[PDB]
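As a plain string of letters, each chain reads:
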Amino acid sequence: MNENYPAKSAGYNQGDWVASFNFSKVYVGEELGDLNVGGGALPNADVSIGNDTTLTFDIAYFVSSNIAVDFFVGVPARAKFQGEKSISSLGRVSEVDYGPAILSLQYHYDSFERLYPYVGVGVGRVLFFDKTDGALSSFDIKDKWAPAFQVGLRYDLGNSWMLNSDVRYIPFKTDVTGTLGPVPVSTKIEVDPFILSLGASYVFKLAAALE
């Protein structure tokens, strides 16, 4: 004889697994200038109509109320690398990662289901950077991860699935972007490019532990 226990949509303790999915988007003044020399903010070389949404996935593990685990996974994109003066190094360090992996912790101060911000801090690295081709042997490192932070948003769109967003500032290399046709007058230049992602998330319970 055995007893049954048909549970329903309820809470969950440490060990929760929430599937986060959202697309990233690059925010930068391209219309102003893109790979062109000139000191004029005139209309030209307008961006081509289309979509630049980068489907990105992330794993959110709920273990603590004060702090939660977060993992980023998705295709690469224009962004910083290490952000620090090189003291000791030598090589090329290319960016040919296909399936990278980032690990960071998330912190919130809502303690409830409502439209509140979200903080995230941790480090990121590449996964299986080593390729399968006979080109250059001994070209892989044990583990190479760097520091990084990010701030997202948490909003409730429905009941089961919710809405999640991600915001991260991106540095701009020294360079000018404009169009031909110089003018006597002067205009302000406030671009400040950055990366922002938006999507939804769903909490799930793997219900699998061994201790």
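Please refer to the structure placed before this passage.
Cut-off values and rules
- Residues numbered from 1 in each chain as written, not as in the entry; some residues may be left out.
- Heavy atoms only, no water.
- Patch = residues over 30% accessible without salt bridge, like charges linked within 9 Å, V, L, I, M, F, W, Y side chains within 5 Å.
- Areas by Shrake-Rupley, 256 points an atom, 1.4 Å probe, with all protein chains shown as cover.
- Salt bridge = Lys/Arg side-chain N within 4 Å of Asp/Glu carboxyl O.
- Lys, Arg positive; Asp, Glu negative; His and termini not counted.
- Charge placed at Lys NZ, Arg CZ, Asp CG, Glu CD.
- Helix = DSSP H or I, 4+ residues; strand = E, 2+ residues; numbered from the N terminus.
- Buried < 20%, exposed > 50% of the residue type's maximum accessible area, 1.4 Å probe, protein only.
- Pairing = 2+ DSSP bridges.
- Axes fitted to C-alpha atoms, helices over the stretch in contact; angles between N-to-C directions.
- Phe/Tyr/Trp six-rings, centres within 6.5 Å; stacked < 30°, edge-to-face > 60°.

*Asks:* Just give me the short version of a negative patch on the surface, but keep the residues and values in it.
*Replies:* On the surface, a cluster of negative charge is made up of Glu30, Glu31, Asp34, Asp46 and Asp52. In this fold, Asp46 is placed in the loop between β1 (16-27) and β2 (54-62). By relative accessible area, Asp46 is classed as exposed at 59%.

*Asks:* With reference to specific residues and values, describe the environment of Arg92.
*Replies:* Mapped onto the fold, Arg92 is located in the loop between β3 (68-73) and β4 (101-107). In this structure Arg92 comes out as exposed when scored by relative accessible area, which is 74%.

*Asks:* For the pattern of salt bridges, give the residues involved together with the corresponding values.
*Replies:* Overall, the coordinates contain one salt bridge when judged by the stated rule. The closest approach of N and O atoms between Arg125 and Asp143, which form a salt bridge, is 3.0 Å. Taken together, the positions of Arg125 in strand β5 (residues 116-125) and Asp143 in the loop between β5 and β6 (145-155) put the pair 18 residues apart, joining distant regions of the chain.

*Asks:* How would you summarise the sheet that holds β1 if you had to cite specific residues and measurements?
*Replies:* Here we have eight strands rolled up into a closed barrel, ordered β1-β2-β3-β4-β5-β6-β7-β8, and antiparallel in their pairing. Mean inter-strand twist for the sheet, computed between neighbouring axes without regard to direction, equals 30°. In the sheet, β6 pairs with strand β7 (residues 161-169) via five bridges, with the strands oriented antiparallel. Each bridged residue has a counterpart across the sheet, and for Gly152 the counterpart in β7 is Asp166.

*Asks:* Can you lay out the packing of aromatic side chains for me, pointing to particular residues and giving the numbers?
*Replies:* Enumeration over the complete set of coordinates arrives at three aromatic pairs. Measuring from ring centre to ring centre gives 6.0 Å for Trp17 and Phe204, while their planes differ by 80°; the resulting arrangement is edge-to-face. Here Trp17 is found in strand β1, whereas its partner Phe204 is found in strand β8 (residues 194-204), with 187 residues between them in sequence. Look at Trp17 and you get partly exposed, because its relative accessible area is 31%. Both rings, one in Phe21 and one in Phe57, keep their centres 4.1 Å apart while their planes meet at 25°; by these two values the pair is stacked. Highlighted residues: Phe21 in strand β1 and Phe57 in strand β2, separated in sequence by 36 residues. According to the relative accessible area criterion, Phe57 is partly exposed, its value standing at 48%.

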